[PDB]
Amino acid sequence: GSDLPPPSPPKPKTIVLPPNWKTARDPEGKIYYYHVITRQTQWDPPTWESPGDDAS
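Counting from 1, one number per residue, gives the positions in the sequence shown under the entry's author numbering.
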């Protein structure tokens with residue numbers, strides 16, 4: 001994991017997002033995103049906040 005050790009597959013969680021997460025996927029040329037603090041992995045959920053583009 002990028003900050004934190006590898007994540008477990010996601011459980012029923014609506015909970016907000018820890019932007020610490022980084023993206024990477026299986027060998028099938030795909031990409032997913034996994035949150036390092038919460039230890040989650042998700043391909044479909046949006047970024048909850050906008051970086052330097054919106055807030056500097």
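C-beta: ideal position from N, C-alpha, C; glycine also.
Each of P18, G1 and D3 was checked against the Cα of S50, and the nearest Cα belongs to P18. Straight across, the Cα-Cα distance linking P46 with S8 is about 19 Å. Comparing alpha-carbon positions, the option among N20, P12, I15 and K11 lying closest to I37 turns out to be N20.
CA-to-CA, the gap between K13 and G52 works out to about 27 Å. If the five residues before and after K22 are omitted, its C-beta is found closer than 6 Å to the C-beta atoms of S2, all from its own chain and listed in chain order.
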